[PDB]
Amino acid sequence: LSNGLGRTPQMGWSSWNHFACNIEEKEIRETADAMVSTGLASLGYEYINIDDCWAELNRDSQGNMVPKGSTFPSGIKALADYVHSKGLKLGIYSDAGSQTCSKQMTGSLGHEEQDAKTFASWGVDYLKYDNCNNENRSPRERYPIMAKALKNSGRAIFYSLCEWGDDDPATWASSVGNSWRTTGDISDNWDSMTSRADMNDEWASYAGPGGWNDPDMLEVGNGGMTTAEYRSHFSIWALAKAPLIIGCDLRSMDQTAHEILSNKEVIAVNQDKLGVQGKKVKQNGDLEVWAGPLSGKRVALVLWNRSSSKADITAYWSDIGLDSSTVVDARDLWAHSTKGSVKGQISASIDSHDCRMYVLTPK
């Protein structure tokens, strides 16, 4: 959606993956404080997204969504104002439905323009729009009603369709919103994360600046996956131009979690000007190669070892879109070291569930 937003994939954080429905403004503010405190804001992470359970089941007397009086007593403007003053942006959540998926707060079905105008007046910068309790109506019908409500509100609001890949969003959502969930919810474990990545791969050619495929919120730091797994996870999402929405607790991030998310050479792949979604190109069993072009005639590339044991993986250059006779310098993004004059292939011995990520720069 050309609303000036999401020219690269959104970077930020959402409450959902770590806190689920147990949420309050105090935690939202401290989270934003940590986004600055821990340097994440200066690497590009700007969105502080409040997910489900922020509002009341009922609306106020004038038909408006009421922030939950017990957990958000200062209101949502107050919170947006705080987040803006920290150089950041605030997101909220609602549903293309009568209630949200948790059934703990109302939705925005039949109140789309009124909710977009309220949001705008609060200084909201992002909206995640879930797909529960939808009274058996098409996502092609309900989702545009809110796209156009946002457009006609006061301000520029990033629009995140959350409709779990029903009716293949990629095919119609580019002109509707800034990103679309391609799969059902991620959980903090390997089989989940990987299946999200696989499911998302087939929609690679539909994603550009303005409109990203969304394999769901990062689970890095939540403790149900290994360091190696998380390295891959972040790595693949980066390459696949996924939203990079952190989903652990910023206020208590594990040092390895933080380190993984801070690799700015990987971030620059995700945030690459060219805005082409990298993808699986090659599959030697559980040994995979994923690749994609970058700006300046470069190539981003992951060697991924989904085996249960240690393995050699080889990315041939026919696999990843180069003449074999081309020579490159090969930047290893995690080791932060360059290797000169690599020619037809690169190889590595890689640990179980771990990966190598490179950026290939021609001479």
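So that there is no doubt, residue numbering starts at 1 and follows the sequence shown.
S.K.: Going by the average Cα B-factor in the PDB entry, point out whether 104-112 or 239-247 comes out higher.
M.R.: Higher mean C-alpha B-factor: 104-112.
S.K.: Comparing average C-alpha B factors as deposited, tell me which of 191-199 and 93-101 sits higher.
M.R.: In the deposited entry, the stretch with the higher C-alpha B-factor mean is 93-101.
S.K.: Per the coordinate record, which of the options 38, 318, 31, 42 holds the highest CA temperature factor?
M.R.: Comparing C-alpha B-factors across 38, 318, 31, 42, the maximum falls on 318.
S.K.: Can you pull the Cα B-factors for 53, 294, 330, 48 from the entry and say which is highest?
M.R.: Across 53, 294, 330, 48, the entry lists the biggest C-alpha B-factor for 330.
S.K.: What third of the chain, by the recorded C-alpha B-factor, contains residue 219?
M.R.: It falls in the bottom third of the chain.
S.K.: Is the Cα B-factor recorded for residue 254 in the lowest, middle or highest third of its chain?
M.R.: Within its chain, residue 254 is a highest-third residue by C-alpha B-factor, going by the deposited values.
S.K.: Could you say whether, by C-alpha temperature factor, residue 265 belongs to the lowest, middle or highest third of its chain?
M.R.: For residue 265, whose C-alpha B-factor we compare with every modelled residue in the chain, the answer is the middle third.
S.K.: Consider only the C-alpha atoms of the modelled residues in this chain, order them by B-factor as the entry records it, and name the third containing residue 207: lowest, middle or highest.
M.R.: As the PDB entry reports it, the C-alpha B-factor of residue 207 lands in the lowest third of its chain.
S.K.: Looking at the C-alpha B-factor of residue 71, is it in the lowest, middle or highest third of its chain?
M.R.: Highest third, going by the recorded CA B-factors of the chain.
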